[PDB]
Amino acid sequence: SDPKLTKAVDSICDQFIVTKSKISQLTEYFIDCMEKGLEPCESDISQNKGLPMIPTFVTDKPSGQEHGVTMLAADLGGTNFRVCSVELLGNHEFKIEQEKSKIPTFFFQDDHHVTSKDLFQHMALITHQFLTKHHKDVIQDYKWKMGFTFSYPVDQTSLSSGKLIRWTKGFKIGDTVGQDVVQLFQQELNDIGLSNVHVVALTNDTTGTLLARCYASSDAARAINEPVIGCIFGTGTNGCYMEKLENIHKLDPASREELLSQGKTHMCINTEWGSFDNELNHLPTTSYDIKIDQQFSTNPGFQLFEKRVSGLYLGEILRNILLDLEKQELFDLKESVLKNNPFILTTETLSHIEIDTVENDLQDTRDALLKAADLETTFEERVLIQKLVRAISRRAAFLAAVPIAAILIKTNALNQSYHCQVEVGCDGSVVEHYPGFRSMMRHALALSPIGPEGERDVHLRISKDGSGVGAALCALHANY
């Protein structure tokens, strides 16, 4: 046992603590950033470093009674692409067939130049494969309507149009920025004989999650828990909510009055809260966060909240900590492959360490670290690595509660009726599968200004239904 190392680890773990006062600060600051983000854009939307707060042009929360013929949906996430067909049967029920495939590594590597046509041709081809397998008899005949879930910031101009503001996560395809992604996708669909497939809706994965929960929640369950947020804690992190039209001052005033006259009162806002406090005025920041933001990430200066929370980055934080402890001659990295191998340690690796037990000599930690980077470890080394992992994930979970607390506070969502609660629909591998992440989120909600009595009125529900149902709901509404 090396006491000098144990004290160094304990001091690093302390850096990741987020106090109740910090949660209070970040909550009020987040609301401030929400209000500034709702004001008319000063600079160019692609270079604006504030909270994006992007109007989605979705104003109606599904009732659950929507019904229609089979819709198509395509969902480009941070890690996978999936095509599915959704049949909305009404009465909160649907039939879904889907195919999920990992985004080929070719699209995340910059060694060779990659273009938008490569990506959307690949997406179009998989769409063809899907229709061949599940709808072989009507692939080329039917007038398919498709909803496109695009989990990236888009300068939305209507339900069916919007230009990519900037890539996030692992994408760095240059020529896509500033282009309408619905058109890029439609062109590649046309060129392989699927011109009968009309992409008629474009949604963020947050928007789709909220719409899907509004539909599938039973009349009884929804009368108790009204869905008010659709958010994501997977490869990246983000969330949406319903904002009063009058407060969306960046929206064209005449368009606002038109919507208000039509009976609409709110529009869904894609906060893009991964880019909360990109200037680091208040977010906790360690030396490891700086190296991830400035050297190892594809988007330096953006998505900084996300770089402390989402699954793409938690494992890389551990890597930067271990490299620092080895530079100080406190931790022996052996013949591992950690050096010069960014993102080799994944959040999935960490998920095997979070609740590993010392009664098993932390063997899951031993096996997981050997599999990821061939890092052999002693028991005392694993004990200390577990302390670090638990500090990284707790900070991620505590920060994860801040945007939710802020939205609920700003919209006075908890001021309801007797026995009335709100649902926060959550999707993504971290919130769903990382041991304890949700529990720690709820702790941070209880420390937040909404208090423990507020946390009990909030239900973080895993919406594994998917944003495909949400995209399908938008396609049902739209015209072919």
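Numbering starts at 1 and follows the sequence shown.
Relative to one another, 70-78 and 251-259 have unequal mean CA B-factors, and 251-259 is the one with the higher figure.
Judged by mean Cα B factor in the deposited record, 329-337 ranks above the other of 284-292 and 329-337. Of the candidates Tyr241, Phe107, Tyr152, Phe148, the PDB record gives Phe107 the highest C-alpha temperature factor.
Which of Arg390, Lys307, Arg366, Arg213 has the largest Cα B-factor in the deposited entry comes down to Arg366. Annotation for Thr59: CA B-factor lies in the middle third of the chain's modelled residues. Among all modelled residues in this chain, the alpha-carbon of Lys49 has a temperature factor (C-alpha) in the highest third. In this PDB entry, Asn278 carries a Cα temperature factor that places it within the highest third of its chain's modelled residues. In this PDB entry, the Cα temperature factor of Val83 sits in the middle third of its chain's modelled residues.
When the CA B factors of the chain's modelled residues are split into thirds, the value for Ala446 lands in the lowest one.
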